[PDB]
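A single chain comes next, written as C-alpha cells; it is the form deposited in one PDB entry.
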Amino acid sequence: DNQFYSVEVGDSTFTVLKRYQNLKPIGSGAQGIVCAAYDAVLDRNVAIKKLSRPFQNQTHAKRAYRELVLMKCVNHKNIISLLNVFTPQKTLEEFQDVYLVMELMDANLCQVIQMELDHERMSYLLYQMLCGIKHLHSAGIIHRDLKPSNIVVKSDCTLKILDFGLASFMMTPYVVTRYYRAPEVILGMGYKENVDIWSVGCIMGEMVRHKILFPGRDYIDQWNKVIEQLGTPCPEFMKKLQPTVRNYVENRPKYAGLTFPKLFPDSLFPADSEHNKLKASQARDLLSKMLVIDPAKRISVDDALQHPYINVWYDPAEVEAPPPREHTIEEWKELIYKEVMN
C-alpha cells in the first residue's frame, strides 16, 4: 500500500522506496550517510545517500541545492549521475529528507591510494580524473576542492567524481579536508581551470608516496609543507597575491625546494623492466608539471591529457562529450523541495 518502508542503518533511519532492499552501510564520503542496496526494479545494486534536513543551515543548504542543480548540467561517465531522487514526505510543510540513488561502486579512492598499483592502473585512474575535470570545466564548473574521499572506483578500475566542489561555519563535529587544495585556494588568489590540476598532482603524489603530501592543522602548516618541499615561489608569483597575504608569504623562511627525483625516489616505482623504468620517468615528469605553485607555470588539463604517461588511454569520444545567493532556512527548504519534485 504505502510506497515506502523504514529501516535502521547505524544510527540513522532510512525511509526508502520498497524497490530498494537489503540496505547495508558503506560509509560516509562527505554530505551524509550512504547505504548499498539491491534495486528490485532495475535488478542491480545501488548506493543510497540520505541528506537529513539539508535546509537546516546555509552550508548544508547551498551544497545540497547546487549539487541537485549541477547533476542536470553534466553527462559524463567519470562524473556522478543519479538513477533516482526522492523524498518520503508528501508536502513542502512535511519535507525533511532527500534520498539520492546512484550505481553501487566498489571502493573510495582513499582505499585505492593505500594499494601498490601498477602504471596501467595509475595512468588510467589519472586519465579518468582528467576526463572528468575537463567535462566539468567545459560545463562552466571549476571544482577547486577535488579530494580522494569524494572519488569512487569499481573493480574494473572505472572511476567517478561524486561532488562539484566550492560555491561559513559548521556546528556539527565533521571537519574539512584541505590537503588537496591549490595554493590559489590556500592564499585566496583568484584562479583558472588548472587550479584542479594541483589536486590531481596531490592525489598522484600520494599514490606513489603513500603519505599525504601537504598535511597540516590548517593553511599555516599546510603552506609550510608546500614551500619546504617545492621551494619558495618566484617573485612573479608573489605579485598576484593580495597585499597582506603577500607580506605573510614573503616573510616566511626561503626554501630552495627539493628536486622531483628527491621528492619521488626510484624506490617508489617498479624498476624491473625497461617498460617500468620509462613509465617511472614519465610519471615523475608529470608530477613535476602538476605540483607547481605558480598557476601560470602549472600544466593545463588539455596538456596533462597529451602527456605521454596519460595519452596512451586518449579517446576523442571520452574527452569531447557534448555538454548540455543567501537565503533563510524557509527559502532553502522550498528551493530544495522544488528541485526534488522537478
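In this text, residue numbers run from 1 along the sequence as written. Rigid core here is just the name for the largest C-alpha set that superposes within 1.5 Å across the two forms.
Just so it is clear, the following notes concern the form solved in complex with a partner chain, a form of the same protein that is not shown.
- The partner chain is not drawn, but in the entry with it bound it has a heavy atom within 4.5 Å of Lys154.
- Of the heavy atoms in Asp315, some are within 4.5 Å of the partner chain in the entry with it bound.
- Contact annotation: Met115 falls within 4.5 Å of the partner chain in the entry with it bound, judged by heavy atom distances.
- The partner chain is not shown here, but in the entry with it bound it comes within 4.5 Å of a heavy atom of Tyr124.
- Proximity to the partner chain in the entry with it bound, defined as a heavy atom within 4.5 Å, singles out one entry of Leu166, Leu268, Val245, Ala107, which is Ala107.
- None of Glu250, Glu120, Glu228, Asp221 but one reaches within 4.5 angstroms of the partner chain in the entry with it bound through a heavy atom, and that residue is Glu120.
- Only one of 99-107, 171-179, 84-92, 253-261 lies within 4.5 Å of the partner chain in the entry with it bound by heavy atoms, and it is 99-107.
- Fit the rigid core and compare the CA positions between the shown form and the other one: of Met290, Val301, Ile26, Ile310, just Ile26 moves by 2 angstroms or more.
- A movement of the C-alpha atom of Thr177 reaching 2 angstroms or beyond is seen between the shown form and the other one when the two forms are aligned on their rigid core.
- In the core-superposed comparison between the shown form and the other one, the C-alpha atom of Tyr99 has shifted by at least 2 angstroms.
- In the core-superposed comparison between the shown form and the other one, the C-alpha atom of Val319 has shifted by less than 2 angstroms.
- In the entry with it bound, the Cα atoms of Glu116 and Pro25 sit 3 Å or more farther from each other than they do here.
- Cα of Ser149 to Cα of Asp97: at least 3 Å longer in the entry with it bound than in the shown structure.
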